[PDB]
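Letters go in sequence order (proteins before strands), and every chain restarts at 1. Because only heavy atoms are used, hydrogens play no part in the values below, and waters and symmetry mates are left out as well, while side chains stay in.
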There are 4 protein chains.
Amino acid sequence: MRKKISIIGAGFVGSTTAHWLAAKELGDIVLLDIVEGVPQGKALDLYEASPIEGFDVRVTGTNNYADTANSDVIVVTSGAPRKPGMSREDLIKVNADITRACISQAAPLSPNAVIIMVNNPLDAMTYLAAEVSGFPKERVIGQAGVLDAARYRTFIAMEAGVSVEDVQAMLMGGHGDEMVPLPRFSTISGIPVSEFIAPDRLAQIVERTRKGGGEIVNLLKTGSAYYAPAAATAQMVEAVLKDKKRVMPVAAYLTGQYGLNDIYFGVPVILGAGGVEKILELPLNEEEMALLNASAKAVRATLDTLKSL
Amino acid sequence: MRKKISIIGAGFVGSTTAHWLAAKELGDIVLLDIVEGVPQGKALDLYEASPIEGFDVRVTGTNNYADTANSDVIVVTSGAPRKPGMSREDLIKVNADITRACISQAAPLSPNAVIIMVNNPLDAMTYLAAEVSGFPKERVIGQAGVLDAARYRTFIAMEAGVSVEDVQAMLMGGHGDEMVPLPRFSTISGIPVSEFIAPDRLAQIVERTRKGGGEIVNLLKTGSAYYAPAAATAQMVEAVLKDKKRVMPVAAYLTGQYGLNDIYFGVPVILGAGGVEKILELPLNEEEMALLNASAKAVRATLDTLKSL
Amino acid sequence: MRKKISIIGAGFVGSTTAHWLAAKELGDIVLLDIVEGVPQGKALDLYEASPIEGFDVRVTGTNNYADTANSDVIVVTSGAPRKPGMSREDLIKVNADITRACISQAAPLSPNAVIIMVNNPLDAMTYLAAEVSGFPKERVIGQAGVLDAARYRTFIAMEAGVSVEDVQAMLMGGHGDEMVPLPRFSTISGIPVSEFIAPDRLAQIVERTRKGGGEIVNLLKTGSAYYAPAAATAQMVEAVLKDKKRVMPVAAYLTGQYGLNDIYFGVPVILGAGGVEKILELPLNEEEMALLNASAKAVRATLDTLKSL
Amino acid sequence: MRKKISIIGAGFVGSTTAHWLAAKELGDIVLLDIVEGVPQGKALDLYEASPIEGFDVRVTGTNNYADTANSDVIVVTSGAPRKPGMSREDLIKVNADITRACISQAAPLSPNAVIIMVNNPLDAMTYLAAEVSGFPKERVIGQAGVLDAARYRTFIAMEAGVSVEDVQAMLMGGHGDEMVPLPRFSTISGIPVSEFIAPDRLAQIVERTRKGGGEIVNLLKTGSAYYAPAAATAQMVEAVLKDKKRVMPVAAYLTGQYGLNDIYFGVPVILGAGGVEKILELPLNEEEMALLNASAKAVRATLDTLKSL
Ligand SMILES: [Cl-]
Ligand SMILES: [Cl-]
């Protein structure tokens, strides 16, 4: 009995996540969407690559939540972009409705699953998925930090002229203005990044990381990033499926860590088959902690709007 | 000095091909398109996946053929779908113009490259690319058969209930009506496919292979297949870069094989760093040869229309 | 949780098999041997390679069968060496005692395991393993054919000038004089090997395959082959762990197939999570049957010697 | 054409390194040894695994240096074993003669190669290799630090309860008493190791790392480690062949870095197609410098013994 991964929402992120996972033979994959034909087509297309690439995975597309039953991991990409005229609460509302509909159908069919959210606003939707599923909180998480850390690591590897395999970095919070950069906690083969890159340039790289998603949006003209978001999501799925105990920034439920309670927030975790197996507590200095507290206030504000719906 | 692969046309097939190649660290990748922003965005997005996936490849996007210089392989996906009102010659004409423009700019900058075409009509455009580049014909080829054989192999593995790693198949010709199926030349770990699958069902699978591209089109609603076409293209690129001597059906220039002269046609080849290193001559029976001759007449008809432009 | 594989016998074959399973992150690995220190040493050495090779599995060396409990697959490599200069009968007696000691201790601790034997004489020892374990016959198999076919495929690829990835071959029986070669059931991308290689040369390749183990012994002057034997064994382990439904020659228990009853014999099977999920019955011609019947007589005589102990 | 790697010394380390390079299809491999039959045997065994493992590279065993011509990398593993019970000085004399014979024959045949030494005493033998070859110093390096760091990272990952993929560590000097441990320059996803592991336990881990080679020797009772030593060596080979710009400790020729001149010593470098492309100069504190200075004195004394031969 192979592992089973269901991916909800068969757009660019969801389908690319299926590609990364299939390539590694990580388990059978169900791609689900509301639109008829689209998940069926992408799934069959990917499956037809399998003799070339040498993986034995069933990739199927479906419009029926029944086909997601007994999944080991559920990935949710479904959501709604904002566009003009919408208020903050309007954007939160439409995504909350989408998230509730997905989780309320999927979770009871896979009571042992780890749920990985990849929609927006990420921390709030992960908080909602935890409420709706009623799963142990360790088993409901969100992907945000692995992507931002990946962009940062790319920029560092680029600038320092070194292998991307040798750059590691931790950060916290959400995306853009809510990101909590922590360049002190990044290294190249154990050596502080700040020994390779001077402060002014490092600050530019931190800012580029903040703006990294919008950078891609501006280039693509239509649509958002998907190759790296899907890679980040897939690395998380892998950590769960193989119990790898990866140390990653992940949206997790806090019970006093960093002085925060009753909130999902991007924090360093050990991630394995149990989901969040540890929340790590970094010795942040006053400047770093000021960044965290400001981000947590913003994340709290979004969460309060969700609760008031 | 890492290998260098340029991919012309940064749509679904071109960008997915970059993904398959990057994942295998096969060389630095240039993604080129006429549209500003789009190749830049997809390329940077893929590059930002690299610390997660562990590959050291430069992936860059560009609108400038100068950036393609000194490539080891050039992949061309650019072309034009037909839609209504267009005649046969009209469709051939617009793709010929696109193909000429791509090859005339790219080929002189990479005089040692192998050119791999993945546009339509595939055999005719490959014939044109050979004329325009003036390269040795062994170094100008087209991807068609690896995809159709992959779909067939998937269907066989599905039906027989066996690993896709154990199914192998040769076929000839082009796509759909121009495909020349050869189920006699397919095996599961050395054992004829016909020992696993009875004639009526095997005929259904052959027909499904013929219709395999349109199957995906019908499901997707908008757009065509890309995961498997890109995998096929990337496997060909790999064969060249690593001199693997893969035995594959490929659109190649014929000088008497199967009784055909002065034509590109899908035939079994040994594919390596020299491009086509051998054209294999199968002992086709009368029924198989009748299929080939009918397909070659159709491919000839397209080629004659190209020549008359 | 993670898959678990126990490998009994920490010699070259056992240790090299462990390396393969671990590199691929196929499961936690227990390496057991009677000699204190040796399995612990090899396991720790392999484990210390993990941050370089990027795998997260436990690799335990042990002298205690208790550490093998609840394994998904048991591999047995323990066996008297070299065809040591004793009688054929002496070899069977010493290996029967080893096999009985190994299986009687390991089997009760892993009642749902698939057992894969890799000692000598291969078919007889697999028969004894079935007897001692009491397991369903589908779950006790022997590795022999995958190695012999690998050597054959290597020789074929080299001679035909093609990729090893494109050569398939089925064969039957045991090793050496007991191998039943089947060049009719071998192909290159679905094309008969006989179309590439002339009959005299092919006969040489067949003979080289029979003598292939001894060719390696003679070169080394001390010890036997282990790289290809371990790869063959690991591939079978993988087939079970990932439920891949590989089509392979393996030593299986026969109940009438090919006219053979109450015997282990190398036959084509579908191998998956259930062990042998199907024994395939090839339409062997008169010549091929003569080879098989002679092979079986010899395998029977080995088995009868075992039964008379 | 394909990359070419020659590995001198067909023992456990050389043969296992070959296995790694081939599995990854990194280039054609030549395994050379003085003993007739042994390298031919090991090479053929490895080659016969290729259709199972899916790699297309040539794997040649030889007694003739002519077969190593025009290699991209030369790996030297040939060396007197075990710290054999002779004097320290005896060990240097025997290995100096072996190293001189190896380098004087191989270097002129591959004038553009990078040489990677893996014999003992490591720094001295790499110094001698530079002398005998006459190659630019950047192209003659020794593998030691990558192994010692791998053992350290293994121990750290196990103790902290995290993925080996997320642990980085830099260290300097040679093996054993000459290792310069640097736990300050080690991290888990960019976070200082000191935050995870208490000082007393970390000190134990450091000592285990110093004794790590001997720990393996004592368990095995015959022979030394080879899995992790070969992985470390292969990773360095890969860094050169794929121009990955890895940041690694390697034995490099010093001209003033860390106060050291005219000596080979384990230092952090950027390693790529050009060999050592940069020697990094860490801001070592007073305590760390004392370790380094003592290490250097000892490495100097080994070197002076070599110079007095
Ligand atoms: Cl231990
Ligand atoms: Cl040979």
Side-chain angles (χ1 to χ4, degrees), chain C residues 15-16 19-20 23 35-56 58 61 146-147 149-158 162-169 212 215-232 234-235, chain D residues 15-16 19-20 23 35-56 58 61 146-147 149-158 162-169 212 215-232 234-235:
Chain C
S15 57
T16 305
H19 181 53
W20 263 307
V35 179
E36 310 207 28
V38 176
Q40 288 87 355
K42 290 174 180 294
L44 176 67
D45 184 18
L46 176 48
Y47 192 53
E48 291 175 345
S50 71
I52 293 154
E53 302 311 336
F55 63 84
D56 285 303
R58 297 181 77 237
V146 172
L147 172 62
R151 294 199 177 106
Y152 177 84
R153 292 154 81 196
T154 299
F155 300 150
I156 290 295
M158 198 188 339
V162 300
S163 171
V164 301
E165 299 198 69
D166 297 328
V167 183
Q168 291 179 338
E215 179 177 13
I216 305 296
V217 172
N218 291 343
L219 288 170
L220 291 187
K221 280 158 266 300
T222 184
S224 313
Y226 44 97
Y227 291 113
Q235 195 184 48
Chain D
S15 57
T16 305
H19 181 53
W20 263 307
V35 179
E36 310 207 28
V38 176
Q40 288 87 355
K42 290 174 180 294
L44 176 67
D45 184 18
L46 176 48
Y47 192 53
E48 291 175 345
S50 71
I52 293 154
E53 302 311 336
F55 63 84
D56 286 303
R58 297 181 77 237
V146 172
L147 172 62
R151 294 199 177 106
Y152 177 84
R153 292 154 81 196
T154 299
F155 300 150
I156 290 295
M158 198 188 339
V162 300
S163 171
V164 301
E165 299 198 69
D166 297 328
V167 183
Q168 291 179 338
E215 179 177 13
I216 305 296
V217 172
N218 291 343
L219 288 170
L220 291 187
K221 280 158 266 300
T222 184
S224 313
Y226 44 97
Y227 291 113
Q235 195 184 48

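- For chain C, the option among D:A157, D:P229, D:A230, D:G41 with the highest count of heavy-atom pairs below 4.5 Å is D:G41.
- D:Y227 and C:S15 share a side-chain donor-acceptor pair at under 3.5 Å.
- Separating the NE2 atom in C:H19 from the OH atom in C:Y226 is a distance of 13.0 Å, to the nearest 0.5 Å.
- Legend: residues meeting salt bridge (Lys or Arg N to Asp or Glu O under 4.0 Å) with D:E215, ordered by chain and number and at least two apart, are D:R208.
- In terms of non-hydrogen atom pairs under 4.5 Å with chain C, the most contact-rich of D:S163, D:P39, D:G61 is D:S163.
- At a 4.5 Å heavy-atom cutoff, the contact between D:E53 and chain C is made by side-chain atoms alone.
- By number of non-hydrogen pairs under 4.5 angstrom with chain D, the leading residue of C:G223, C:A232, C:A49 is C:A49.
- For the atom pair CG (D:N218) and OG (D:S224), the distance works out to 10.0 Å, reported to the nearest 0.5 Å.
- With chain C as partner, the option from D:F55, D:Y47, D:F155 having the largest number of non-hydrogen pairs under 4.5 angstrom is D:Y47.
- Residue contact with chain D, scored on non-hydrogen atoms closer than 4.5 Å, is absent for C:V167.
- Neither the backbone nor the side chain of C:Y152 comes within contact range of chain D; no heavy atom of the residue lies under 4.5 Å from a heavy atom of that chain.
- Judged as a salt bridge (charged side-chain N to carboxylate O under 4.0 Å, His left out), the pairs with a partner in residues 43-52 of chain C (not counting sequence neighbours) are, in order, C:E48-D:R151.
- Annotation: the span from D:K42 atom NZ to D:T16 atom OG1 amounts to 7.5 Å, rounded to 0.5 Å.
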